[PDB]
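To start, the structure under review is shown below, and the notes come after it.
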Ligand SMILES: [Mg+2]
Ligand SMILES: [Mg+2]
Ligand SMILES: [Mg+2]
Ligand SMILES: [Mg+2]
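Protein chains in written order, with the entry's author numbering: chain C, 0 to 400; chain D, 0 to 400; chain E, 0 to 400; chain F, 0 to 400.
Dropping the structure here:
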């Protein structure tokens, strides 16, 4: 019945509207059909080096589905995987392109069938979703800032708890002594080997101050952003084990799965990873080797809602539970909410400190925010979001038709 | 001393100048310095879905090295790997971006030191490079089109041998009975399970015709483009073993390394793969599991000349030899020539049936072609290639500065 | 262009000039060409039983390259590995001979192209190199003698920290209660089974006093010289874990790689080894079994600069960082400096307590010493050293031509 | 009561007395005592690059045992292993030094106790020793030269059979079409990857001609000299399986033990190796991985008679039988004979094609040769050999005292 007619790509250079958001660049899409139904998706490359590559991949993929039936979601996914060459040897950019399209197709399918996406994923398994305040090294607040001292870290923790959260995530090593950012700047390159006394102390003092301010019951997730190597990851874990750490996220990159297993066998802190792992194939070795307690696929990278569901289902057989990685526009948030509502192995939801920024919220028509440390799913047909056209018109980059 | 001043990106939509090359789109770069020395690179996404993403990644990566010293090649490489977020969770597009820049930096360094790149890679190890005629399902020489019948395959084989080659590569399953292309069209989807009788016979009859036309001594490489799955790959290998097959290329994709090992253990034909494997980390499980005889990294995808050399050095300890994957512009060709000249574990060089096309050759100022089945290295400083400005001006897409 | 014309071998029997240096016997070489460019190298057998074998292996290897083009460094390396019989079943002596030659060729190539060796290895990755004060069981500074009591070890530690180091290495079990040396004398043979109470107390008391003298921040590397066996290596590690040990070096010999793995799994102190491990092939089992945090190839043993770099590149994929082993003449020091400057996985640099000895220094024309705990690379073309002909004339043992 | 007084080292440059033996250079020692008893030994580096290194290692090791009691053979061995630094990371040269001294000490102990060495090794287990004619690529008997054509190979085979041998060994790939020698010349470098058709035919034609000339009952050992890599080793084995091959020797080098296992699992021809494998530690991974049917330690390399016996005893538990590697002077021959007479897991004895050369035989006072394809042990006290001082005075290089 329906056919895809066009795909709009939005290159959301947020610096155009808010200079505090200088680096951040969500990439959003809208898939239109000849029935009048449209669906929105997101390419999960809003931070780091990749936004322009993300726009480009939609230009490479979208032409293949113009004129095609949007309802054959498995077929479309499999075509991208099998018949594009790169589908069988992809990566963050290629799978992100597949993801954005997949999400927009689920949106269309939900609207067509008149139900929220979680209904098509298996129904309302989880009525409310425990949520954590994410990345407190950038503070907890409306704007806030790069935090350096343990007291500043403790204050962000107190602010998260006052806001109703009973779980927080922090990278205690990302920010160096001078307030520089080791994720994106050439600082503390020795992190990949072994930590120096001062660095160990810097990270531990921040965690220690946060635990003290939070009390014992609230949970702390320690994020590492793959800054450490196998040996420093273990060295640091042993320093922070005394603080009862809930999860250890991305203690090393996922490119060597045997090293990930080694880290997991070497600390009592359960390991989380997944934002930089894509497709069921990207999880096979992590799961088989029993290296992770929590999988963190980004639905805007891992292959979308179709593949994301499959990742969750697979993780379940290894007792691996799921926290969707969410750090982008409002589309990533609703995709995650529908997924986490339906899956039986949901553990916790990530609410990023930037998700409250006006320049991010204004990209879409609805605001979905946690209340008292919990999220609920949207209830309208499809994803329950639309692009805010008054804003996104400034960001329109390409229309594929 | 020197600083990078700008990076030009060329989106080589060949269809603008030659309609017959419609779905081929090399992506080239030029890195310019304040000394007047320039270097050229290539993003290895000339086919499949990815050219526009490849243009985009250069826009994402290039701004990070404007103003920087081009001579610190290991440092620039490591910074892209470590400090961009996605470098540690990359893929074909991200590592292609890194590759192009790296190749351009080697070009600069060679010109700066007054010697060809092979000298910087360890000197002249191989004086001449045995070369094969690549992808004969698309014909050789005069008759350039999709081949279907066994006699058409035998004719292409004779033509390659007439052209002085003593080795060919063919995918005998890519083209179906009707002349449709299974790599890029939804045809023969059952390929990934088990082959039907007609398909097995189709493939084997083409190989039979070619062996018969070539005599027993010339080598046949069977390319599969990852079209088969574990079970059908083993199935077909058994049907073609009798023809004395030199290598079996990409019998399945590389996303499940345990399946690759199983294929390797189930056929006597040695396995080759690597065009969809990136960086040392992408080879670790293939080599450790002793799954491949020959590695085929593409220097325009795998992380460039710096990482390519490292992959070759690594392969060597497993008795794995190297044929660089070459299927793009003239930049990929010279990058490969220098690599293969320097490495001790070189096996054979790939000469693609398209590398003789006018619209590819005109991209660069020099023509380097094999003679009597052998290649030799360029001898000028750097890569020994320049872009043909008269042509590439039509393709200039972005200038980063 | 050029041909190798002659190779000089210097049997540097230091006792001929300095009776205090009696055991020590650096072996140096100079490779001369018909262009007037010469390069120097070193065979890394200055201590233990091996110096005269080291002179001999150059007599065996050098004739093979007289008249050959020195720039083909990979080709020369591969020839020695492949076509001498013993290259494929070598060991400390054979690979040491290859090493010396390889280092001299890098010197030549740097000179010819007019740049320091680090530029040919990939550029200036590390602008300065953190350095440790090495082998404090023989004192530091004013006191140049065999240390016995915990208080003496504490005094050495203070001296090093006063000299501006923030890291030290000590072997706390090498010297017995009577001041005898278990590395070279038949004492404490029970070390390779299980330690006796007094021995355990002896070692731990020395570490305890050093940690107390140093404060908590400075790093301690514990050197074992392969004196312990698997079971005593673990037993001692558990006794010294409480002092926060940075690395545990050569806890056992590397001849049984499974035992090395077992030691690494049985202590939380990260393992370093590599001075008695040669070529890529000598690290394969160490790396694959994930047994080492730090690789310590000696560039004058492991196969030279060409093979050393490949070892560092390989190490990196297992998050193994590099401290080159340096305990010889000034040639070893500069080869290490160039290597450590270029590699992204450098961790720390070894400065031996004997490196300031007049009889070692006078072998060469320049001095390169650390300052405030840091080394920088030479900046001259090639290695940045020449032989001091007024001294080495008396060590000249052979001229191969 | 006895003490070692001196150690003479003989650098047997046979070219001084015989130009046809041009490069071949046995290295012999004699260990003298204050009791007037002396023992002789050999450093196993007579061919390839290493004889001068072999002379040097005796100069390094011998001083350590002057004044010591020769009878403590395990103690001396263990001291060289443990207290020399390099003993715990040695290789062919270092362990050859140990070996020569060890063999000399067994000679002494046998003379002291009035019995042949085989008595001290466990008595007369094997009364006669099946012997094969070794290295027929260099002809046999009347026609001693480099063989190229299959007819030449068949003729050497007949000659050996007419000489009373029922087993032969040949390397069918060492000599190229032009009579060049791939073991010591840069020829057929592609051997380490995959064989070309011509090379496969060349090798198989030579084996085919020998089998046809020999009949079906006589055994053929195929020697490869580690010239092949894992992939070509398997490729070649498949082509010659039809000729009923007794053993496949050194199909690849022993530096990657996982590759050796792979080769062993991929051909039905039983594998032999060991001449480039030293000490018990050098056989551990070969044995544990069940990669070898026959172990071939050289007693003049592997650690001598003490360690050789331990290697034989270890091999036994894996059903691995022993052929001692013998290609040196007459001392190597008698050490082998004694060992093989005593061990229960002897399989076959190697009789080298140059064993009857005048310049080889004249080094020693006795001549032990096979008859009708069988060797027997010497029956004199000790090894049953003395040096021929009239000849070896011309070769004396050093006397350590
Ligand atoms: Mg994260
Ligand atoms: Mg291919
Ligand atoms: Mg050491
Ligand atoms: Mg042999």
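Virtual Cβ for every residue (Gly too), placed ideally from N, Cα, C.
Backbone CA spacing between residue i and residue j [nearest angstrom]
{"i": "residue 51/F", "j": "residue 51/E", "result": "9 Å"}
{"i": "residue 336/D", "j": "residue 375/D", "result": "7 Å"}
{"i": "residue 84/E", "j": "residue 183/F", "result": "7 Å"}
{"i": "residue 216/D", "j": "residue 316/E", "result": "40 Å"}
{"i": "residue 320/D", "j": "residue 234/F", "result": "15 Å"}
{"i": "residue 295/E", "j": "residue 362/C", "result": "53 Å"}
{"i": "residue 122/C", "j": "residue 178/C", "result": "45 Å"}
Any non-hydrogen atom of ligand 4 within 6 Å of residue i CB
{"i": "residue 151/E", "result": "no"}
{"i": "residue 349/F", "result": "no"}
Endpoints, the alpha helix (DSSP H) within which residue i is located
{"i": "residue 112/F", "result": "91-112"}
{"i": "residue 80/D", "result": "72-81"}
{"i": "residue 159/D", "result": "149-161"}
Same chain only: Cβ atoms within 8 Å of residue i, ignoring 5 sequence neighbours per side
{"i": "residue 332/F", "result": "325, 354, 367"}
{"i": "residue 127/D", "result": "373, 374, 375"}
{"i": "residue 400/D", "result": "4, 5, 6, 65"}
{"i": "residue 31/E", "result": "3, 4, 5, 6, 7, 37"}
{"i": "residue 17/E", "result": "356, 357, 358"}
Endpoints, beta strand (DSSP E) assigned at residue i
{"i": "residue 271/E", "result": "270-272"}
{"i": "residue 219/D", "result": "218-222"}
Cβ-heavy atom distance, residue i to ligand 3, below 6 Å
{"i": "residue 173/E", "result": "no"}
{"i": "residue 339/F", "result": "no"}
{"i": "residue 73/F", "result": "no"}
Contact test: residue i Cβ vs ligand 1 heavy atom, cutoff 6 Å
{"i": "residue 249/C", "result": "yes"}
{"i": "residue 274/C", "result": "yes"}
Beta-carbon proximity list for residue i, same chain, < 7 Å, skipping 5 on both sides
{"i": "residue 94/D", "result": "277, 278, 300, 301, 302"}
{"i": "residue 273/C", "result": "294, 295, 296, 324"}
Near ligand 2: residue i beta-carbon under 6 Å from a heavy atom
{"i": "residue 284/C", "result": "no"}
{"i": "residue 306/C", "result": "no"}
{"i": "residue 222/F", "result": "no"}
Same chain, Cβ closer than 6 Å to residue i, five either side skipped, listed in chain order
{"i": "residue 137/F", "result": "352"}
{"i": "residue 205/D", "result": "149, 152, 171"}
{"i": "residue 34/F", "result": "1"}
{"i": "residue 371/D", "result": "163"}
**Asked** Looking at chain E, which residues of the stretch 280-297 of chain D have a Cβ within less than 7 Å of any of its Cβ atoms?
**Response** Cβ contacts with chain E come from 280, 283, 287.
**Request:** Check each residue of the stretch 31-55 of chain E: if its Cβ is closer than 9 Å to any Cβ of chain F, include it; give the result in chain order.
**Result:** Listed in sequence order: 44, 46, 47, 48, 49, 50, 51, 52, 53, 54, 55.
**Contacting positions in the stretch 241-258 of chain C - beta carbon closer than 9 Å to chain E** = Under the 9 Å Cβ criterion, the stretch 241-258 of chain C contributes 251, 254, 255, 257, 258.
**Asked** What residues in the stretch 163-197 of chain C bring their beta carbon closer than 8 Å to a beta carbon of chain E?
**Response** So the list reads 188, 189, 191, 192, 193, 195, 196, 197, given in the order they occur along the chain.
**Members of the stretch 73-89 of chain E that neighbour chain F once the beta carbon cut-off is set at 7 Å** = Within the stretch 73-89 of chain E, the qualifying residues are 78, 82, 83, 84, 85, 87, 88, 89.
**Asked** Relative to chain E, which residues along the stretch 210-241 of chain C have a C-beta separation below 7 Å, given in chain order?
**Response** When C-beta distances to chain E are compared with 7 Å, the residues of the stretch 210-241 of chain C below that value are 228, 229, 230, 237, in chain order.
**Selection of the stretch 57-69 of chain F by Cβ proximity to chain E, strictly under 9 Å** = Those would be 57, 58, 59, 60, 62, 63, in chain order.
**Asked** Taking Cβ-Cβ distances below 8 Å as the criterion, which residues of the stretch 116-132 of chain D are in contact with chain E?
**Response** Within the stretch 116-132 of chain D, the residues whose Cβ lies closer than 8 Å to some Cβ of chain E are 118, 119, 120, 121, 122, 123, 124, listed in chain order.
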